[PDB]
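Starting from 1, each residue takes its place in the sequence as its number.
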Amino acid sequence: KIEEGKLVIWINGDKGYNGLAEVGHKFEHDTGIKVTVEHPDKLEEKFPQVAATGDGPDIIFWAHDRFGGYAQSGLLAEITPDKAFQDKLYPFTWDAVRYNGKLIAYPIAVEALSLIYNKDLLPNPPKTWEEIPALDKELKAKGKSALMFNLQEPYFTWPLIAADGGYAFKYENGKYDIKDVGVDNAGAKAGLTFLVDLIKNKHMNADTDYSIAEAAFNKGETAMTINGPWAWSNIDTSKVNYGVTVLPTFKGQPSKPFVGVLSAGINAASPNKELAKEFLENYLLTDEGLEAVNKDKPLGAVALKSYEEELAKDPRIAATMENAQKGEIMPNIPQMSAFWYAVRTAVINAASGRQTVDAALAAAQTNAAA
Ligand SMILES: OC[C@H]1O[C@H](O[C@H]2[C@H](O)[C@@H](O)[C@@H](O)O[C@@H]2CO)[C@H](O)[C@@H](O)[C@@H]1O
Ligand SMILES: [Ca+2]
Ligand SMILES: [Cl-]
């Protein structure tokens, strides 16, 4: 059961959870209510596990794509923001947290992947994926590599898979057809094949994960990485001279990252819904609230109009939105979890050589479909 008279908040370990706790700290001073912020591993799977029993955090933070599944399972309270507060956030951010005609979470920030590059190693970053193999060769002469990013999470490879025609669920008639999956079409296969060939030709390592890729880029060992605004902070610290720019094209086509809207839902079983509404609307979703979290780890382009007008100036935000525009806002339908699981297994198996690309994506096609 969930404890009354306090706030428990879950947010992913890559985000500014210390900044968020700082906002909770102020809340505690003003109200006497303790706010405990936690970042459980794989919380996107852990939340529905514990919330299914009326347990868990009062507030859950994650990209909007998971929230449809959460609402369908009856895990999320409907949020009741008045028209005034609604007018404070961008309309399209409200759209991402609308399920079955109901708002099921507070939109916080728009996230998209960008190409992050070392200006000292790479004054002009590559415009195409195709030129990366040769680039890596040059850098291998300095004992360095061209590009490292997390291969354990399909989120990071998806931009390349969707570039030439890969897609999740066919969107027709304003609705998604959940039996029409596009993870094994010619476009998907060519994208994954190119990744697998990078590994096969020693330009990348199939074991590369988030931590390895981050360490490598921040220590100057690799010229490029692929990541979101949250990662900019640790790069700032390491004082590597970096830039953020458009993802490389593939086969002449833009990489198409799946765009997420970090959102805050309220546990349906929480006895602290009023507390949570207060905290979210009048502490977090203010200039000073978002600033506090942003200082810890950049959120991207925030949904709060007032604040995002300062942030849109930053050229890193501009690159994020350019990439967001070339990609697509994730669906929030409940089948998204099966999709992500399917594509994760496929990417990993093909990367490690455990399966051919065709066999990996054929299985993923079956698993993603209902
Ligand atoms: O890799 C599958 C994964 O992709 C997305 O997760 C992102 C998340 O949106 C970002 O905030 C980032 O910080 O972490 C994840 C990448 O590791 C989907 O949102 C998620 O549901 C899905 O499992
Ligand atoms: Ca678009
Ligand atoms: Cl990882």
Side-chain angles (χ1 to χ4, degrees), residues 2-5 7-41 43-48 50-71 73-81 85-86 88-89 93-94 96-99 102-109 111 230 260-273 275-286 288-290 292-294 296-297 299 302-304 332:
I2 304 168
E3 199 176 317
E4 187 174 9
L7 278 186
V8 174
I9 303 183
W10 288 0
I11 182 159
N12 202 45
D14 56 353
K15 318 277 179 191
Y17 55 84
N18 281 318
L20 185 58
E22 170 55 35
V23 176
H25 197 182
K26 160 149 182 280
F27 188 80
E28 182 178 359
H29 282 175
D30 289 351
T31 69
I33 300 300
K34 186 182 180 181
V35 185
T36 299
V37 181
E38 299 174 351
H39 43 105
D41 284 308
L43 76 77
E44 76 268 27
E45 296 178 13
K46 185 173 171 59
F47 173 75
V50 294
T53 63
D55 214 324
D58 300 281
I59 302 179
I60 176 68
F61 277 81
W62 196 264
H64 74 276
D65 67 295
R66 290 273 170 177
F67 280 62
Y70 298 172
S73 300
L75 304 190
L76 298 176
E78 176 186 6
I79 70 167
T80 56
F85 182 91
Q86 290 188 52
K88 279 176 172 49
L89 312 195
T93 67
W94 288 115
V97 289
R98 195 171 296 274
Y99 185 77
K102 306 184 193 305
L103 302 180
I104 46 76
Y106 290 88
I108 306 297
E111 306 168 345
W230 50 86
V261 179
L262 179 67
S263 304
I266 299 172
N267 197 323
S270 170
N272 305 303
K273 298 194 179 63
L275 300 200
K277 173 174 181 170
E278 239 306 288
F279 178 85
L280 287 176
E281 289 189 15
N282 300 308
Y283 281 75
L284 184 55
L285 284 165
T286 55
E288 54 269 22
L290 294 185
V293 179
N294 204 75
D296 187 11
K297 298 290 171 55
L299 287 163
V302 299
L304 184 61
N332 68 4

Engineer: Hey, mind stepping through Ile104 and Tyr70 against side chain to side chain contact (heavy atoms under 4.5 Å, CB included) and telling me if it holds?
Structural biologist: CA-CA 9 Å; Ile104 46 76; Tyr70 298 172; over 6 Å; no

Engineer: Just how far is it from atom CD of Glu78 to atom NZ of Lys102, taken to the nearest 0.5 Å?
Structural biologist: 5.0 Å

Engineer: Does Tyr283 have any side-chain contact (heavy atoms from CB on, under 4.5 Å) partners at least two apart in sequence or in another chain, and if so, which?
Structural biologist: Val23, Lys26, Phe27, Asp30, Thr31, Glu278, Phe279

Engineer: Work out which heavy atom in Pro48 is nearest to a heavy atom in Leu43; give both atom names and the distance.
Structural biologist: CD-O, 4.3 Å

Engineer: Drop me the distance from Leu76's CG to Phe67's CZ, to the nearest 0.5 angstrom.
Structural biologist: 6.0 Å

Engineer: Do the non-hydrogen side-chain atoms of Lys88 and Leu304 ever get within less than 4.5 Å of each other?
Structural biologist: yes

Engineer: Kindly compute the distance separating CD1 (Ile79) from CZ (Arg98), expressed to the nearest 0.5 Å.
Structural biologist: 9.0 Å

Engineer: What closest approach, in Å, do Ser263 and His64 show between heavy atoms, and which atom pair accounts for it?
Structural biologist: OG-CB, 3.8 Å

Engineer: When you look at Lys46 and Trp10, which way does the side chain to side chain contact (heavy atoms under 4.5 Å, CB included) test go after all the steps?
Structural biologist: CA-CA 10 Å; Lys46 185 173 171 59; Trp10 288 0; 3.9 Å; yes

Engineer: Could you tell me which non-hydrogen atom of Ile266 sits nearest to which non-hydrogen atom of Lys277, and how far apart they are?
Structural biologist: CD1-N, 4.3 Å

Engineer: Would you mind reporting whether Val37 and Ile11 have side-chain heavy atoms less than 4.5 Å apart?
Structural biologist: yes

Engineer: Please examine the side chains of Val8 and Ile2, heavy atoms only from C-beta on, and report whether any two atoms are closer than 4.5 Å.
Structural biologist: no

Engineer: Which heavy atom of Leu299 sits nearest to which heavy atom of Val293, and what is that distance?
Structural biologist: CD2-CG1, 3.8 Å

Engineer: Considering residues at least two apart in sequence or located in another chain, which fulfil the side-chain contact (heavy atoms from CB on, under 4.5 Å) criterion with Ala264?
Structural biologist: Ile59, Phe61, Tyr106, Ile108, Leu280

Engineer: Is the backbone of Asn282 close enough, under 3.5 Å, to the side chain of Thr286 for a donor and an acceptor to pair up by distance?
Structural biologist: no

Engineer: When you measure from the side chain of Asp58 to the backbone of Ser270, do you find a donor-acceptor pair of N or O atoms at a distance under 3.5 Å?
Structural biologist: no

Engineer: For the residue pair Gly5 and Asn272, what are the closest heavy atoms and their distance?
Structural biologist: N-OD1, 2.9 Å

Engineer: Locate the shortest heavy-atom distance separating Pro107 from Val97; write the atom from each residue and the value.
Structural biologist: CD-CG2, 3.9 Å

Engineer: Using the side chain to side chain contact (heavy atoms under 4.5 Å, CB included) rule, take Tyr17 and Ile9 through it: C-alpha gap first, then chi angles, then the decisive distance, then the call.
Structural biologist: CA-CA 9 Å; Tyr17 55 84; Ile9 303 183; over 6 Å; no

Engineer: Is the charged tip of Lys297 near the ring of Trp230: under 6.0 Å from the six-membered ring centre and within 45° of its axis?
Structural biologist: no

Engineer: Would you say the side chain of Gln86 lies within less than 4.5 Å of the side chain of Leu103, judging by non-hydrogen atoms?
Structural biologist: yes

Engineer: Indicate yes or no: at least one non-hydrogen side-chain atom of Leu284 is less than 4.5 angstrom from one of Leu20.
Structural biologist: yes

Engineer: Side-chain contact test, heavy atoms from C-beta onward, threshold under 4.5 Å: evaluate it for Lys34 versus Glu3 and give yes or no.
Structural biologist: no

